[PDB]
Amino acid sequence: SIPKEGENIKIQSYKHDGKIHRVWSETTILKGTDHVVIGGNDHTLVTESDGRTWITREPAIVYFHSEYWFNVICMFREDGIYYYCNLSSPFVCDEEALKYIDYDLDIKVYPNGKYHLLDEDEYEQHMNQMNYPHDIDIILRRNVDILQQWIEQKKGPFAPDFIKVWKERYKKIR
């Protein structure tokens, strides 16, 4: 269930009600442990909940954690490194895909480290629509605060040395 270095896997995002939200066709595994999966993608197919397919335009490093209720996409844009952070269940892997539940809230980090909390309105609506339990609401709000603290500390995927190491590892294996 821990994916192997050099494996190309699919990543599947679901909503709390079990419906698929988003699917990424191809991510090359750079690190796979008990607690952490790191991957790279570039010009992967992406499929939406209506079946429509689009293609990513720039390389990204993805970071998944088995304990924390978030995952992080590090995007290498012409105007600098952006992060897109999903509040989520932790991941599970199997032969089909790395899988997680998307919980609406996300954080955008700009190249200079400034962050914006996104989709608070969508989270409130979906939490009422899909009846998220109170404990999930407590966990997600706590993990918003943890993610902000990691961004401010440049911890984990937000470390400049993380980006230097994994950007170069992905550039070589691709």
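Don't overthink the numbering: it's just position in the shown sequence, from 1.
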| item | value |
| --- | --- |
| Residue stretch of maximal mean CA temperature factor, 114 to 122 vs 27 to 35 | 27 to 35 |
| Mean C-alpha temperature factor, higher of 144 to 152 and 56 to 64 | 56 to 64 |
| Which of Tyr103, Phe76, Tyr100, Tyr84 ranks first by CA B-factor in the deposited coordinates | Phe76 |
| Within-chain third of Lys15 by Cα B-factor, per the entry | lowest |
| Third of the chain, ranked by Cα B-factor, where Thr47 sits | lowest |
